[PDB]
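Here the protein sequences come in this chain order: A and A'. A prime marks a further copy of an entry chain. Letter by letter, the first sequence follows residues 35 to 194, 201 to 250, 263 to 403, 411 to 436 in the authors' numbering. Letter by letter, the second sequence follows residues 35 to 194, 201 to 250, 263 to 403, 411 to 436 in the authors' numbering. What follows is one structure encoded as structure tokens, with my remarks underneath.
2 protein chains.
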Amino acid sequence: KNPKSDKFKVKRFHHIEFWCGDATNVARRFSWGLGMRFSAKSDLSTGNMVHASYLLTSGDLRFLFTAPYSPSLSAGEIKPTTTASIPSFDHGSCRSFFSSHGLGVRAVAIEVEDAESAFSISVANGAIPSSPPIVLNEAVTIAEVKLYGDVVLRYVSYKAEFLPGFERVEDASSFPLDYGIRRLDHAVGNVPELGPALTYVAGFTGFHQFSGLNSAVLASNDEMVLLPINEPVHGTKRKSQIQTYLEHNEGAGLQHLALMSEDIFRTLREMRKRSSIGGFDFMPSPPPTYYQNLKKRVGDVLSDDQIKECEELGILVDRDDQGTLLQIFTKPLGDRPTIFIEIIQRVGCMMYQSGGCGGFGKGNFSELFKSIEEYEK
Amino acid sequence: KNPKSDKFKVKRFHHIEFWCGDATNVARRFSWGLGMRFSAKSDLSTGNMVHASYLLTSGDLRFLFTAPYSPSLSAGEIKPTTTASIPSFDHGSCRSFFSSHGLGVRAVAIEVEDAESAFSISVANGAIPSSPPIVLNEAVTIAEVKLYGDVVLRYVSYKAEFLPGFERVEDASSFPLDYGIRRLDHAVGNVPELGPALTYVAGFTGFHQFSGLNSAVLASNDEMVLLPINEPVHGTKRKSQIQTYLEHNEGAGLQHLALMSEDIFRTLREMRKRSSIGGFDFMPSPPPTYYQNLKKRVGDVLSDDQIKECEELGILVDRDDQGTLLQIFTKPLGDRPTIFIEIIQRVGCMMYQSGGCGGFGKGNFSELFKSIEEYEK
Ligand SMILES: Cc1c(Cl)ccc(C(=O)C2=C(O)C(=O)N(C3CC3)[C@@H]2C)c1Cl
Ligand SMILES: Cc1c(Cl)ccc(C(=O)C2=C(O)C(=O)N(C3CC3)[C@@H]2C)c1Cl
Ligand SMILES: [Co+2]
Ligand SMILES: [Co+2]
């Protein structure tokens, strides 16, 4: 059931912004690890005396990496005279965020029809304002409300190239890496209490509802903006990974980003080639029994060769009543056991493909448990 | 003239420690960019609840990358019960350093015969103590004094593998990258006033003395520990890069690290291959006239082919009365126009090769000026 109750017109995920201590080194690591091209910058070389911001792109996926300069470079400026390209940026907020949480997502940005209306309607419906709507070069409007923890939901709307004040990067610096990643599929938050988090976010957006944790997914009208939220389940034998996250992150925050690949086998071949030379590591592969048991579960979707390819790369597979899900998880992206990345490809639900086709892989919890147990053998 | 006036026995450069906001992403970027292997770690997986520290090595060169965890993970500990592997580490000092200076070198570490004696003698001769000598697992002694700005000179001595509490890394994670870099040749500081900086450092070590700036080099007895220091020259047409450094760094600090290569042509081929895919960029190449003029200056040292190889890679060449110097500079390593890296190879002064053979390239200032002028043509 989809009531289509969005309180304002939402289009697609637009970008994800990481707050960093040094944007250069994080961006370069991510570019090589994920096969994303450098495509825009806003920094000293573009007149920005406030923050260094570098944009990576792969297909429609946009990762922004931002770090503060010394406040002294901009101590003469005031907000009317600011050289910052992202007016919501604040030196103190950024340093407080990174010292508290370490490297992580500050903003989940969605493109909307009218960012000022989205902000006003959100706040009228309980959203905690973070940064009021600001019109950038009479062309782009940006506004921010609190989502969970110190993560904001960022609204962006365009009258008619990332943001004003960002320059496209020189093609010499812009090497066309591409491992097949094409768009953000979902962005997941960890909170202490799921109920109040859902009530808050669904309250101001109108988004509808789509071991160790309880979870639920909020979705926009066409279910292309997908925001799962997790809470820990206390008192289990194995301590909840959600609780470990909250402890190491100093509270609620973004847990994982799911990136859709147009060819998950190629993406994982390419990423795994680079794991030990600057890229990303992957969680331990499931035991061979998991792949033995995949014939009975998805034998009608993937051939024996395609499932063998999954076993090589450590891919996981799940299936709902509508489609099939291929997925795999990186180790944490930084020092702390907090944020990680999921690579995903979905099969089925063709009308274009409908959002969330195949679910989010919750069947893989019991199947992995069963798998290791019967693997022990 | 070399008075050999060291006030304590100094061996070689031991390691350079960067203070980071996220050690993982910086270390992985540096590993790929410079061809250095991951060889030791101290972090949550080794029982360290205080800081994440990752060691990269290439030949004898050791780069350490350290970032703080949430203080809450170790809030129950006291210094006697600390899980930190580097006892001088302090959460507050580290966060203050990175917010003030951004990514940069916290410690220039030299190996000495007796770190406690070096500390005591240094402090008796004017050194400002930073961290008193601590004996680690009855095996290694570590102590720190202020060098300049918030950079410390770190003494390490071994009774008889990096530091106790560091684990060698699993060979799967340890990919044997190597672009030919073999050791640290010199480490350079920028200060506001050269005179008082020299008087201070030469005062407590006994080290002897070996446009836009004035500079001087302090050296140990065998001139294998080499510490150049720069000050800005004010009032020139083109603003001093030393002054720009001081402004963007919020004061004195480490300007560049010079890394000796056993084959600078191979190192630069390998690094330049990776510039646009996660590695390091290099400063703009000198004009062809510079390479035209190299026949008259070093035609007896490098063949026409070897000088052509220099022109391809943008290498610079200088020469004193004792040897020849091949050098090239990266763009800044991080967001701010502060720290960069020099790659170097020295030819001549064979006895082993004596330290500083060929100087530090100060002849390249006037030669580059002349070169661009006569290039304009
Ligand atoms: C480690 C692991 C496995 Cl074994 C399987 C799926 C995912 C995953 O991506 C999740 C989401 O996107 C979501 O909404 N989830 C809820 C349970 C519905 C899961 C947590 C993860 Cl992290
Ligand atoms: C941009 C540039 C050029 Cl054009 C040539 C050499 C170096 C260099 O490495 C320096 C040192 O190591 C040192 O002691 N130096 C003093 C002058 C004696 C220079 C600055 C640099 Cl940065
Ligand atoms: Co997911
Ligand atoms: Co130098």
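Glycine included, C-beta positions come from ideal geometry on N, C-alpha and C.
- Within the chosen limit of 7 angstroms, ligand 1 does not reach the beta carbon of A':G93 with any heavy atom.
- Comparing alpha carbon positions, the residue from A':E435, A':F392 and A':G415 closest to A':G138 is A':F392.
- Excluding five sequence positions before and after A':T319, the CB atoms of its chain that fall closer than 7 angstroms to its own CB belong to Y219, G220, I221, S313 and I395, given in chain order.
- Secondary structure within the stretch 71 to 152 of chain A': the beta strand (DSSP E) runs of 3 or more consecutive residues, fully enclosed, are 71 to 76, 85 to 92, 95 to 102 and 138 to 146 (chain order).
- If you draw a straight line from the Cα of A:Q249 to the Cα of A:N171, it is about 37 angstroms long.
- For A:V269, the distance from the CB to the nearest heavy atom of ligand 1 is below 7 angstroms.
- Annotated three-state conformation of A:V353 is coil, per DSSP.
- Taking all protein chains shown into account, A':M70 has 16 or more neighbouring C-beta atoms within 10 Å of its C-beta and is therefore buried.
- Of A:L270, A:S263, A:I155 and A:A177, the smallest CA-CA separation from A:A242 is found for A:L270.
- Ranked by Cα distance from A':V84, the options A':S92, A':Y103 and A':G229 are led by A':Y103.
- Per DSSP, the unbroken beta strand (DSSP E) holding A:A177 starts and ends at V174 to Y182.
- In the structure shown, the three-state DSSP call for A:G400 is strand.
- Within 7 angstroms of the CB of A:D218, no CB atom of chain A' is found; the nearest one sits about 12 angstroms away.
- Every unbroken stretch of the alpha helix (DSSP H) spanning 4 or more residues and falling wholly within the stretch 289 to 330 of chain A' is given here in chain order: 293 to 301 and 316 to 325.
- Cβ contact annotation for A:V285 (same chain, cutoff 8 angstroms, sequence separation greater than five): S263, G264, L265, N266, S292 and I294, in chain order.
- Under the Cβ distance rule, A':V60 counts among the residues neighbouring chain A, one pair being separated by less than 8 angstroms.
- Between the stretch 142 to 151 of chain A' and the stretch 181 to 189 of chain A', the count of C-beta pairs closer than 8 angstroms reaches three or more; the two stretches touch.
- Across the set A':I329, A':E363, A':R321 and A':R398, the C-alpha of A':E363 shows the shortest separation from the C-alpha of A':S337.
- If you check the C-beta of A:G375 against ligand 1, you find no heavy atom less than 7 angstroms away.
- For A:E283, the distance from the CB to the nearest heavy atom of ligand 3 is not below 7 angstroms.
- Not one heavy atom of ligand 2 lies closer than 7 angstroms to the C-beta of A':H300.
- Fewer than three pairs of CB atoms, one per stretch, sit closer than 8 angstroms, so the stretch 85 to 103 of chain A makes no contact with the stretch 352 to 362 of chain A.
- Chain order gives the chain A' residues near A:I329 as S65, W66, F215 and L217, where near means a beta carbon separation below 8 angstroms.
- At the C-beta level, A':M323 and A':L68 come within 8 angstroms of one another.
- Less than 8 angstroms separates the beta-carbon of A':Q374 from that of A':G400.
- Taking the C-beta atoms as reference points, A':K41 is found no nearer than 8 angstroms to A':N273.
- In this structure, the straight-line span from the alpha carbon of A':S327 to that of A:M403 is close to 44 angstroms.
- With fewer than 16 neighbouring CB atoms inside 10 Å of its own CB, A:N36 falls in the exposed class.
- Between A:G55 and A':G55, the CB-CB gap stays under 8 angstroms.
- For the 8 angstroms CB-CB criterion, A:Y297 and A:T382 do not form a contact.
- Listed along the chain, the chain A' residues whose CB falls inside 9 angstroms of the CB of A:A57 are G386 and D387.
- Using a Cβ distance threshold of 8 angstroms, A':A74 and A':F206 count as a contacting pair.
- In the DSSP assignment, A':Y189 falls within the unbroken beta strand (DSSP E) covering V185 to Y192.
- Distances from the CB of A:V228 to the heavy atoms of ligand 1 include at least one below 7 angstroms.
- Annotation for A':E283: the continuous beta strand (DSSP E) segment containing it runs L278 to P284.
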